[PDB]
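Step one of this worksheet: look at the structure below.
Heavy atoms only: backbone and side chains are in, while hydrogens, waters and symmetry mates are out. Read the numbers this way: they start at 1 and go in the same order the structure lists the ligands and their atoms. Just so it is clear: chains get the letters A, B, ... in the order the sequence lines come, proteins before strands, and each one is counted from 1.
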There are 4 protein chains.
Amino acid sequence: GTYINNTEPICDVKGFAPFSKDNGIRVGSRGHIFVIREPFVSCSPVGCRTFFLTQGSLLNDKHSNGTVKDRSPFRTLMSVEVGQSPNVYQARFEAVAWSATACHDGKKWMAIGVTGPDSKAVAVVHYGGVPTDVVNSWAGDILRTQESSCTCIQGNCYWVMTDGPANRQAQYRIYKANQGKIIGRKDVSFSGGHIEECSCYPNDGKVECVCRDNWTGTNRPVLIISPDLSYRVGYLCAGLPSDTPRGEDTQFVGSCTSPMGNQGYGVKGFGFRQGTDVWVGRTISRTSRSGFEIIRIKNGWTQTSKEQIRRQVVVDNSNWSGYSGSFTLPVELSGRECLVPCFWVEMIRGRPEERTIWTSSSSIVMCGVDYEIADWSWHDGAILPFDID
Amino acid sequence: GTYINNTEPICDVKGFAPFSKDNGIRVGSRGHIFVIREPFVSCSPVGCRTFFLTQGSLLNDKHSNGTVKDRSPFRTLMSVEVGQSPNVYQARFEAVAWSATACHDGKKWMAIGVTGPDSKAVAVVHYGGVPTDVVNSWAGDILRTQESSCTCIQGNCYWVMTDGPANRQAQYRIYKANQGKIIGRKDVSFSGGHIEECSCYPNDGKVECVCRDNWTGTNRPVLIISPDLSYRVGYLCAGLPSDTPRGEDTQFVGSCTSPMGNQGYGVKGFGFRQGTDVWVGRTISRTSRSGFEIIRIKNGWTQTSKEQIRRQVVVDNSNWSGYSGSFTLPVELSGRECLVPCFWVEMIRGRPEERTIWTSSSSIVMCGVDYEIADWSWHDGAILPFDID
Amino acid sequence: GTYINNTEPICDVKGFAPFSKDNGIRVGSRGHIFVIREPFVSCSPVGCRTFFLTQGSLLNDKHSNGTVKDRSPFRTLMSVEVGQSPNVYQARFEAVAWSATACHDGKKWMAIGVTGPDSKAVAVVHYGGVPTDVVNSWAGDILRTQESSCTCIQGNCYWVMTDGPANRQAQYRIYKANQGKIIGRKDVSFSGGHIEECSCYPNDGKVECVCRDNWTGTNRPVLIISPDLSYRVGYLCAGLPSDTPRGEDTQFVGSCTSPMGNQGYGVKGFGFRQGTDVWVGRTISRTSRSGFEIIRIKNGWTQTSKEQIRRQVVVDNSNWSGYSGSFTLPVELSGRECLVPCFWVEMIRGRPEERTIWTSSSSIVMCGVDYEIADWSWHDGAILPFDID
Amino acid sequence: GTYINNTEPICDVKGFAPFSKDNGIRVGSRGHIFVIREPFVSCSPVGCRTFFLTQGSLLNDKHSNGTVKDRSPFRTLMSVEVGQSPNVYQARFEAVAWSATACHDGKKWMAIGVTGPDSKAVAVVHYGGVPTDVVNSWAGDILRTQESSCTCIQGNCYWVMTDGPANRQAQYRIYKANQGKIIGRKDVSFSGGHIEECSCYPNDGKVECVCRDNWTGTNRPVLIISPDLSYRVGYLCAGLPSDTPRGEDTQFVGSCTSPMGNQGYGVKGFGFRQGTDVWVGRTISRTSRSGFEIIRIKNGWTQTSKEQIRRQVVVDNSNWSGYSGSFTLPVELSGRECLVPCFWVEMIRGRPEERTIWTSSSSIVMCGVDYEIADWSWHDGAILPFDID
Ligand SMILES: [Ca+2]
Ligand SMILES: [Ca+2]
Ligand SMILES: [Ca+2]
Ligand SMILES: [Ca+2]
């Protein structure tokens with residue numbers, strides 16, 4: 001007995017409890033902490049890990065100068081245990097990557113890193129610490145993936161990739177792998193729809209993803225993947241937009257099928273089905289990546305509901321946030337009969353918003369519980385500028 | 001076979017042998033050492049760990065500026081092995097917390113961290129590295145806990161919490177948990193009595209705690225918890241006060257039922273029943289947190305005894321001390337038939353007493369043995385001010 | 001079940017996927033990273049490790065002054081997991097050595113370090129973390145070895161050593177060991193031929209090595225070792241030279257038996273048999289250790305072929321490279337039926353080519369896959385000079 | 001199966017091969033390395049560890065100022081794997097101690113640290129990471145022990161302690177322990193003889209120690225302990241003195257029963273019985289702690305032999321040495337049928353000999369092999385003064 005089932009329903013939860021906080025930038029003032037982005041969480045049967053992209057550079061060093069390309073040859077995926085800062089001396093090497101996803105099937109870690117050139121990039125699949133397969137760019141335009149946990153059901157692991165334009169129609173694929181080896185792929189037909197940077201989780205033996213529309217939608221697309229790779233694709237039905245930037249709530253009319261709101265740009269974000277309701281994350285500000293709030297919509301997975309019945313602030317609107325993503329706790333760690341829904345929020349510090357040569361981020365992680373949880377702000381807390389500035 | 005019984009009597013001991021000393025502040029002059037408070041010890045079947053609260057900041061860095069609130073959003077519970085300094089690169093993440101307790105039931109670590117807002121704070125229970133339950137503030141006034149080892153008997157783990165005023169009547173609860181899940185709670189009726197920051201241990205299959213009175217008592221309250229959660233509550237009978245600040249010994253009349261001494265303030269401290277005698281810890285000074293001595297009182301658990309029959313100095317009255325707390329060694333590590341009683345002393349350095357921007361502490365840990373042990377001073381030993389000062 | 005068989009054929013592969021990159025020098029600007037050379041990779045059943053030679057000195061420290069002899073008494077072999085920087089606090093001690101090889105037989109690591117004086121040096125064999133045997137210099141002229149993975153087949157581990165002149169005829173031996181103990185040696189007769197710094201791998205139950213000629217050959221010698229230690233020895237047949245320095249390709253006529261090209265000097269490098277084809281590594285420049293390319297030659301293992309059918313650039317010719325070496329993934333990690341061929345490239349920074357007091361290197365590791373992989377440059381990326389300069 | 005037998009003869013060896021070298025001071029110029037003394041080696045069934053005494057202070061920090069007492073309250077015993085520098089972030093806490101011994105019985109580590117006051121000091125026995133027993137000073141004059149590996153035979157572990165004057169008659173005891181608990185002690189009658197800082201090893205099911213005479217002997221005492229604690233005591237028979245300081249070899253007449261040479265002072269050192277021969281370590285200089293040489297004396301364990309038949313220099317007489325001590329490799333690591341004899345040499349840097357505020361040391365470790373090994377110098381190699389100077 002070794003593979004995780006993950007065929008159970010997602011736990012229905014009234015609130016989200018603080019899991020961990022790494023304080024990485026604050027520690028980085030003096031300690032040896034990588035400059036990072038996308039601090040995503042994923043879990044095995046023994047514990048949860050925080051994954052992150054590095055530039056081979058440390059905070060308070062000249063190499064942190066953020067003029068370096070995002071898609072550089074120095075870009076690597078590394079990991080630490082959840083709540084550990086992304087420090088050099090505890091870190092584990094996962095992949096060469098400027099885009100990533102990772103997940104644990106119950107026996108080993110699977111990690112996928114995209115590197116190489118824009119026009120012909122390479123996704124290298126790792127399983128158990130070594131390359132086992134690859135996917136080459138199929139559309140020759142920045143092959144890329146979730147930047148969050150992929151999802152593993154019964155020994156088969158699932159993720160979503162995109163190749164094509166960052167601001168108009170692109171192409172989308174879902175992938176399936178067992179023990180490091182790709183055993184199926186499907187092209188997701190979604191004309192007029194855009195998909196990036198999906199936040200996925202298991203629920204009831206399917207994969208559900210809530211992704212980012214970077215073309216015209218201030219709502220988030222939703223992708224529901226069956227193990228045979230038939231999928232359903234559309235938009236989160238709810239009548240509140242959860243992308244950033246977005247328009248006022250009052251203005252918004254939702255749509256189960258179309259992007260709405262007619263604005264470009266975006267941020268990675270997430271949501272969890274709760275029967276027919278939905279929990280949705282978003283920044284507080286509609287115009288910038290500041291603040292973090294999670295909102296439950298009555299019937300918001302099946303209807304263009306604006307029925308808000310819960311709201312918990314996790315980062316206040318005076319503080320910088322960023323990407324967020326989803327994962328779940330396995331049953332063997334949680335001890336429950338359902339899959340506990342959890343999320344992470346990245347808190348971006350430095351350039352552009354602040355006068356620094358560098359940019360990094362830290363995180364606050366939260367897990368669904370059966371109780372209301374009070375509002376508070378678990379913000380980054382670093383004091384900028386730093387010495388190297 | 002996995003759960004620890006801890007149903008055995010506490011070892012009767014004539015003295016306390018040095019276990020470990022981390023030298024954390026001294027190392028922090030150059031190494032990457034968290035700024036800490038409450039360095040409590042707790043043990044599993046494989047070893048003992050030192051837990052501590054951090055601020056996400058390191059010694060000799062600007063983030064150590066101690067103007068930050070105690071109950072900040074950066075506050076986390078972390079741990080290292082006993083005698084390791086609270087350094088970043090060996091540390092293990094336990095909880096987001098500005099108040100904590102932890103203990104090991106024989107299979108996994110249970111850790112409890114309180115964070116969130118004063119008026120509606122959240123205790124998050126961790127078991128095996130993940131959230132499994134919570135307790136929300138029931139009195140909306142700084143929900144808080146032991147800052148020391150909780151106690152585990154036969155797979156059920158016990159701790160004490162307080163919600164209410166820091167200087168007058170507050171409310172007190174005891175909690176019981178199995179595998180991360182709360183299975184019972186009881187309100188402790190104690191009118192006119194105050195309870196904070198309890199130091200508890202197993203003895204004979206009950207939980208005994210020696211807590212801090214921050215209202216009127218220079219004596220320490222005592223709480224004795226049966227596994228069904230019926231409890232006995234009162235004050236340590238002995239005719240010597242062990243709180244700080246306190247009045248002269250000669251002045252003092254003890255009380256098995258009431259606080260005595262009629263002074264406010266306090267410090268976390270401890271004691272161990274020895275049949276009907278008691279070992280009690282206290283600072284040497286009656287007015288400040290300087291020095292550390294442990295005293296055995298003949299019949300001091302059952303009578304208002306002033307019969308002192310042993311005294312061992314562990315920190316001299318020229319050196320700063322602080323909180324102290326209790327724990328026990330499991331039988332599987334100790335190899336004995338009784339539960340060895342052990343304690344830790346925190347040694348506070350920096351503000352208020354010394355001219356620094358920061359405040360941290362280090363520790364000396366001691367374990368009961370069957371021999372008299374000579375007086376000495378295992379003091380912190382750091383040389384202040386530091387560079388950042 | 002514990003010993004690795006490694007009796008399987010080498011995987012036939014169309015390309016090489018990025019495995020890892022440590023970014024060691026970049027991190028060394030601020031972190032505590034050894035000054036290194038020869039960052040070779042070798043793997044066990046549980047993972048792959050990067051081995052390296054240190055000088056007991058760190059980057060950005062006065063001890064990194066590179067006036068110290070290469071064959072100094074401070075020289076040690078240490079290791080980290082693949083893709084971890086050669087940092088002090090994750091490193092594992094392997095041997096005292098200014099020349100090395102290491103490999104894992106399926107039960108334990110075998111490590112061999114040469115130290116001591118030029119005229120009578122000592123190779124100390126380590127197995128399972130302790131000395132188990134030695135080989136003393138047999139020719140009293142810088143006893144030395146592969147600086148890469150040795151090769152283990154069925155519990156017996158194989159390596160090649162050289163004792164004698166660095167620029168003319170020297171003497172060569174192959175060694176065989178089980179559980180740390182030498183069980184056979186053979187002198188390799190190779191008059192007029194030179195062998196240094198062999199890069200070997202298992203294939204079909206023999207050991208094949210592609211070594212460096214430092215006397216007259218711009219082609220590489222090839223050594224094929226049977227388990228009874230009979231061997232075949234000659235030169236890589238192919239009509240393209242893969243040493244550096246070398247002459248133009250157009251000029252070159254290959255030879256299965258003789259060194260060709262009539263130039264001295266050299267660099268450690270590698271190649272893999274693919275049935276009758278060969279993959280060969282080389283620097284891009286013919287005159288300096290800049291760039292890295294891998295080329296497949298149709299029939300290049302059996303014929304003086306110039307039939308190039310694949311070429312993948314891994315480091316561009318604007319960036320410094322260095323030594324390269326080979327290893328293979330075990331079947332138990334890879335999950336395949338063949339031995340996946342992998343290599344590493346060292347990227348040298350600092351003196352001579354650059355104005356620094358020091359010299360170190362970092363690495364990019366690559367593994368054979370069943371797909372073409374696009375050209376790119378995974379270069380070191382450090383920004384020199386450093387502070388200590 | 002868990003306890004080590006260690007009832008086998010000591011391997012007869014013709015030379016000593018380099019095991020490891022930590023380079024600790026050199027790394028300490030930039031890394032976070034404890035200021036140490038007595039870097040002794042001891043081994044379990046899984047590997048060998050280097051133990052060391054720290055002051056809670058790091059190299060290049062103001063706390064390294066060596067005005068601090070040797071017997072301070074900050075003094076702790078810590079350990080790392082053999083060949084790792086004594087760095088903070090890999091170190092393991094063993095005991096509070098300004099004098100120590102440690103050894104592994106096959107199941108757990110036993111560690112013994114002496115701390116507390118000169119006139120009534122406490123040895124705390126640790127087994128499996130916790131206190132299990134103590135020995136209080138019996139003569140009220142600096143209770144102290146080997147500063148090297150103790151010796152474990154069949155689950156019973158043996159060490160030697162001294163209480164009394166450092167320069168004239170003192171009292172000596174041998175101790176026996178199983179699973180952390182003292183099960184026997186014996187007073188060693190040795191009138192006119194002095195014993196300090198014994199270097200012991202198992203051989204043929206007894207414990208043999210070669211100790212330091214700090215009173216009148218430039219020869220070393222020898223102690224042979226049977227498992228029932230009857231002992232034989234005398235001096236190493238050989239006609240060459242191995243203490244430092246000592247008189248010329250030519251002058252010396254050995255003695256199996258008496259100290260000879262009539263000089264005070266001393267240094268910890270070692271020797272190994274080889275049937276009736278002896279290997280003996282000593283500094284090269286007769287007047288200072290410089291150089292290291294090992295010499296085999298024909299019949300030197302049973303006769304006042306001056307028959308020198310082997311000599312291997314390990315540190316040259318231009319370089320600082322210091323204490324040395326003995327240990328053995330277990331059969332389960334070594335794979336042999338005899339106990340391999342190994343030793344360590346400490347290389348002292350800084351005050352007194354050099355102009356520094358601090359004093360620390362590094363080490364070179366060596367293990368017996370069946371071959372002559374060439375002369376060389378594996379010296380410390382640090383470049384003093386350091387910055388803090
Ligand atoms: Ca959008
Ligand atoms: Ca009080
Ligand atoms: Ca050549
Ligand atoms: Ca002497």
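- Checking B:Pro259 against the Ca ion (ligand 2), every N/O/S atom stays at or beyond the 3.0 Å cut-off.
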Worksheet item: Should C:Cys198 and C:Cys211 be marked as a disulfide (SG to SG under 2.5 Å) after you check the CA-CA gap, both sets of side-chain angles, and the distance that decides it?
Response: CA-CA 4 Å; C:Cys198 287; C:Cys211 313; 2.1 Å; yes
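- For a distance bound of 3.0 Å, the N, O or S atoms of C:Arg246 include none lying that close to the Ca ion (ligand 3).
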Worksheet entry | disulfide (SG to SG under 2.5 Å) between D:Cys256 and D:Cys237, intermediate numbers included | CA-CA 4 Å; D:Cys256 297; D:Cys237 288; 2.1 Å; yes
Fill in: B:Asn262 vs B:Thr216, side-chain hydrogen bond (donor to acceptor under 3.5 Å, both in side chains): CA-CA, chis, key distance, verdict
CA-CA 5 Å; B:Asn262 297 79; B:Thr216 72; 5.3 Å; no
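- The side-chain heavy atoms of C:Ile294 and C:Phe343, taken from C-beta on, include a pair separated by under 4.5 Å.
- Look at B:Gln263 and the Ca ion (ligand 2): no N/O/S atom of the residue is under 3.0 Å from the metal.
- The atom name of the N/O/S atom in D:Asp243 closest to the Ca ion (ligand 4) is OD2.
- With respect to the Ca ion (ligand 3), C:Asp213 has O as its nearest N, O or S atom.
- Put simply, C:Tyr265 gets within reach of the Ca ion (ligand 3), with an N, O or S atom under 3.0 Å from it.
- Residues C:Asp70 and C:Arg37 have side chains not in contact (no heavy-atom distance under 4.5 Å, counting atoms from C-beta outward).
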